[PDB]
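Each chain carries a letter (A, B, C, D, E, F, G, H, I, J, K, L, M and N) given by its place in the written order, and its residues are counted from 1.
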Amino acid sequence: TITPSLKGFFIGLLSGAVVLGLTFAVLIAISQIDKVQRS
Amino acid sequence: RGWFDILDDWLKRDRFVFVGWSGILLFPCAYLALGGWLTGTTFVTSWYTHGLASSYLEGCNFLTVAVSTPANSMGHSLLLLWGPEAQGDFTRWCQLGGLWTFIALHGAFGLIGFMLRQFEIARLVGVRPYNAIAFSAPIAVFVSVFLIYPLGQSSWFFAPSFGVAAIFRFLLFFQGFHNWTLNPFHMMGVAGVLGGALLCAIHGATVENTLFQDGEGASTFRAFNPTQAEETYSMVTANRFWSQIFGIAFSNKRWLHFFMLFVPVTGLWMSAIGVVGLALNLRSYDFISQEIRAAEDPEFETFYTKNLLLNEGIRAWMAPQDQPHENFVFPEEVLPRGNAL
Amino acid sequence: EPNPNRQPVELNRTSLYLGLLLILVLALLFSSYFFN
Amino acid sequence: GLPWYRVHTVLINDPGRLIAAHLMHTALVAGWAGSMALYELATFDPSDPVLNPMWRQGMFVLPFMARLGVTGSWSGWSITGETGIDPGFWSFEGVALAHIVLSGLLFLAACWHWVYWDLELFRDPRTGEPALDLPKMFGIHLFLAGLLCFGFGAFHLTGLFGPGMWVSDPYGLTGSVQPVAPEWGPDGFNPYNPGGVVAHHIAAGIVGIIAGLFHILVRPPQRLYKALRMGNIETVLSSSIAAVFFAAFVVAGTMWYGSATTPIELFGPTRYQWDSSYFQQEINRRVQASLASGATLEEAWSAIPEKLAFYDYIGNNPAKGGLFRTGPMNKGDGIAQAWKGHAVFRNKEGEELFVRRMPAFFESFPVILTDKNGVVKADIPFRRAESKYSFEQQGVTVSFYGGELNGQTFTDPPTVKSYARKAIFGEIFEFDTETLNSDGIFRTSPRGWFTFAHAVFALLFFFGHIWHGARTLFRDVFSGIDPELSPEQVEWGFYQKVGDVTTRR
Amino acid sequence: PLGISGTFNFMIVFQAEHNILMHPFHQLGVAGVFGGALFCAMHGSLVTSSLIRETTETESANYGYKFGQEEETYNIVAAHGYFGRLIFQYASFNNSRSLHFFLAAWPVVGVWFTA
Amino acid sequence: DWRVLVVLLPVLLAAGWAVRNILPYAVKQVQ
Amino acid sequence: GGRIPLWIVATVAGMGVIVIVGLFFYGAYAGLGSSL
Amino acid sequence: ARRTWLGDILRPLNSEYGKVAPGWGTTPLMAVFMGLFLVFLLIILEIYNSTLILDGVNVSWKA
Amino acid sequence: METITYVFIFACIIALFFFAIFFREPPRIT
Amino acid sequence: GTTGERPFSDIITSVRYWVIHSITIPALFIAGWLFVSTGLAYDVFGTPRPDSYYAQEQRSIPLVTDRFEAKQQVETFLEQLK
Amino acid sequence: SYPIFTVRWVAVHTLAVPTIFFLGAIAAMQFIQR
Amino acid sequence: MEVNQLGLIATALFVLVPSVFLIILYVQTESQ
Amino acid sequence: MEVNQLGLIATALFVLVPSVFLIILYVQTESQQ
Amino acid sequence: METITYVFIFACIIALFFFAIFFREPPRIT
């Protein structure tokens, strides 16, 4: 049985992972572009 | 040179606003605690949870606005936006107190972020991490006052609300219900805060009035070069001055500045302990020996018994409006009052 | 067969004065509550 | 020399004397357990598990023995009120004694490892310096913790080989020690399902056995060994405190809110049972039933067990206490002796009134009686000159049903008033105040004292985690910063990445 | 009153008769002493963090400062570097004299206002 | 209704006149 | 880049805050919150 | 130092001081179990909190 | 007994002051 | 030293800056004003307007008294108002 | 030669632009009548 | 006043024990 | 039993004060050598 | 309280015997 708050639980679970996903994709992207230079 | 080492490189770039790995936790959580508070003091009511106006929109001013705590019937619910109380309905979330837990918990994780940032920056610059350590006292206050204290009571209703006058109400609540001025853990806290301010003033003033003449101008701030080797004031003359004025003096600059971290940090930690007790109504309310004598001897009066009459006034006069879910109805005739007043 | 990790311990006079004062003031503070 | 707050650091590179210190600490803790249990047996009154249960008597360790199945004294009593029982060796006395004996043996082992500190086992075969391979130790200890945890769950709690655990009905009337079957479903996570405790330890135990084997067999990666400084034992101290304060908060939490492991018959009620009139509801439901089967009021209140009514009393609420109000609860309101009966209050019009109960926040509380609707109908006034609701004006009476006073009715306002002042506390009981010279002021229960101490220790241990954590990660500058530290590393814009000198210009 | 509980009696009755909590000068007093404790912990912790290595791990670091020594025992450039990055570079002091005048001035003015 | 549209109308005229006056100085961010 | 002198932005900035803030004290006496 | 019988039996368990798996070894897999543990602690907390309500689970004494 | 205890502890603190001021470690310049 | 960015002294005195922000700052101020004057802030956040704290003949506050039926309690007070 | 879109840009505009929105919102509230 | 009898022993040892600790450490510091 | 209430503190100090005196003297002896 | 005192003192004497025997000043010839 899937209850309303389990449906709510999953929503928040999936919202959190999406937020976290984006943040780190943006940040890996930016960091691959604007690379620090060493000599 | 993985994607990890390259991400690490960008987070740890020197820029106007250092980010770091800790930034991923700090900046979102701080920003949302902040935004939640401004949003809520600006647009959100406390009508359905406390019976109170609480925003500018409703006519409150800077002093009287607050993000108030949730209703007592929510208990300790996380009060998530998708949880079973609001059910994803944002407007009803605001009406139910959701911004309070939202600020409380994002701010909690924002503080973690900040402490981690102090460790992170300390490690990169090569300095000991005593500033992170000092910050453990603010964290201990936040956790004990905003989290542990309500967790021990019936609900978050009784935690502090996020407002200037809301906090004053909390002060007075603590006086009349917990007799918190009588608590030796708060007394230590006072001593460490007042003691800290004393040390701040006395040290700052001592250095400003034992400076060496390192320049020829009347404004003495220009005669200091941030890379000079030499002390800019005289430990020796300061020392002799306080020895002869107050009896003893510092003689060790390291001990002095460690004493300055120690005092207020230790002060706040002690007060946090006392509030943990008050989570449980484990108060220092009474002195039993005084009550026994007072009961028997109607002529025995002290400042302790007098203060307890004041608390009895605070409780009965403030309870019906402060704790409205209780539906306290107190006829005029049961209200404690002295003569005439 | 002496143990190489032994170290001497110190407490200078000023630390005694600080410590003695801490304890005395803690006693003055908490005694009223011990008697209750 | 060493400052006083550092004296114990002489153990850091001395694994043998570290074991010795650790044995002495264990010797002390086991010794305390035994001492505490003996003092508690010297002072425990077993003659009344209804109105004088262990939690009224300031008994702290007695309920942890009872919790896992030790229930009887060699003197023949049991905490369930049975007489003439044979506990065998594992009575409270035998448990106390095993811990003293264990303490003494650990004391001797401590002397041996202190004197013979220079064992070859502790030297790195390569280099001959003291070395401890902590990843392997963790794996070993984890494996062991897993076996114990599995075995505690599989044999002790199930009663397959062992006594089970304390279990009770929802109102703490009929507790006892029973084998408990594991709850493998989702209710196993219901903190009030004792089966979940069994299932927890079987499964977690297996998970530990597996995890310990993995940690015995697989070395930590270089990245992690460097990041967490795994060659430094203070790293283990730092994470160990962290887990300890996490655990300390959880057991404070579950002790304050209740759970299947903190039952009300060993630790007292929770504050939430008073908040929600939990026991009052159940008492009333029983009265409503009895009256359905057409019993008199007297008959239906006469049927409420005293144990149940005792729970409906604010003097057993653990949030009624004080930090320096010391000792057993019996030192406060007294040794409870009898239910006086349920008090029914009536005004001159025949209508029944209800004393408004004291909420836990309030050291003192006015006496206010309302009707079934919550309209104020009587009070005890402060200023009398304009009182409308006084007991004298409203002809308030009190009649008792059940208890010592069953069938009695009092009409003289002085008497009615005193029962009304007790009724803000819930059900009214007869107390012996003479025996302990009780002073009349509420104490907290062991549930409160336990929670206060563990919450406080958990907070302090957070500070030690931060402290030892920072000493692990900043060991290189513990005595100070580099006396010849470049100003280019701390001025802005010299290095593109902070702290890294290879990013210059 | 000259007494611990008498001080509290005084504070409670003052609040009844004047709403000192709602008075901006008492709000400045709180800012003065909270802030003074803050800047006390800050300054202590920041000088403490940037003590130059002069000692080993077995001795109090306090033995690295000698009474009357001419040189400073901490790297203020390091402390500014740490604290400038914790916030931003100009929120942090680079001039000990400004820094110590700030420490004197803030609580003193606060307490003037509350007095 | 119409209200969600007026409270957001002036804000788009803000992002246009700051994109059209920083459209060139924004594009050299190229390599 | 530098064409508008700093002291003039300051003066202007300062007066706009003086207006918003003054507006708020006005509102203390009129409308919601004025007690009237 | 001093050899002993128990010493010699236990010797190999305390002999790999400093041995490490190259590089990142099992870190990715560690991260996964942590992820699951989180999710699962989150579930236990929200059941206790009555934010997650499940059929047949009655978080009350009346269990 | 309680009055004596309070006064005893206060008395000791005042002694401590005397030694702390007149019998301090003297600060010296090297 | 300079972490790299353009100084604030130089931006806020630059004409280009005031071209851009002459427009943006008042547009946000005006959007914020409209947010309240259209009455939209009340409906987003559930804040009573001055006429909707109490029904006409009632003096009791609409306090939420149940955790899980709570959003339904509030909906109910809002209808006992039309 | 400076960039104009920086982390700092985002930083200041993440506070700056809601602050103005909010201020004009609060300006309007001074003209609400009961 | 009906104070708590064990208050006296608690205050006595609270002072005595840690004070003695410091004195022992201080004295053995001077004698070297 | 109805024993003298001050027997306890009399006993505690009778042990503590002389014992502590000897411990002070011994420890500062041992750290001369 | 009297019982605990007697057993405490007795137990300290036993501990002392242990230290006096096994952690004595070793007697050394000249």
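Going forward, a residue touches a chain if its C-beta (ideal position, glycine included) is under 8 Å from a C-beta of that chain, and two chains touch if they have at least 3 such contacts.
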{"item": "Chain at the geometric heart of the assembly (C-alpha centres)", "value": "B"}
{"item": "Cα superposition of subunit I on its sequence copy subunit N - rotation in ° rounded to nearest 5", "value": "180"}
{"item": "Which two chains share the largest set of C-beta contact pairs", "value": "B-E"}
{"item": "Mean-CA-position distance for subunit J and subunit B (Å)", "value": "27"}
{"item": "Subunit E and subunit H, separation of their C-alpha mean positions in angstrom", "value": "43"}
{"item": "Centroid spacing, where centroids are CA-atom means, of subunit B and subunit I in whole angstrom", "value": "35"}
{"item": "Numbers and ranges of subunit D residues touching at least 2 other chains", "value": "1-4, 118, 323-326, 477-478, 480-482, 485, 487, 489-493, 496-498"}
{"item": "Touching two or more other chains - residues of subunit M", "value": "8, 31"}
{"item": "For subunit K, residues that touch 2 or more chains besides their own", "value": "3-4, 6, 8, 22-23, 25-27, 29, 32-34"}
{"item": "Subunit D contact footprint on subunit J (complex, rising order)", "value": "1-4"}
{"item": "In the complex with subunit E, residue positions of subunit B that touch it", "value": "14, 16-18, 63, 117-118, 121-122, 125-131, 133-134, 137, 164-165, 168, 171-172, 175, 181-182, 192-201, 203-205, 207-208, 211, 220-221, 223-224, 226-227, 229-232, 235-236, 239, 251-255, 257-265, 267-268, 302-304, 306-307, 310"}
{"item": "List of subunit J residues in touch with subunit G within their complex", "value": "9-16, 18, 50"}
{"item": "Subunit L partner contacts - residues on subunit M that touch it in the complex", "value": "5, 8-9, 12-13, 16, 20, 23-24, 27-32"}
{"item": "Residues of subunit B defined as touching subunit J within the complex", "value": "14-16, 43-45, 47-49, 51, 55, 57-58, 71, 73-75, 77, 84-87, 89-92, 94-96, 324-325"}
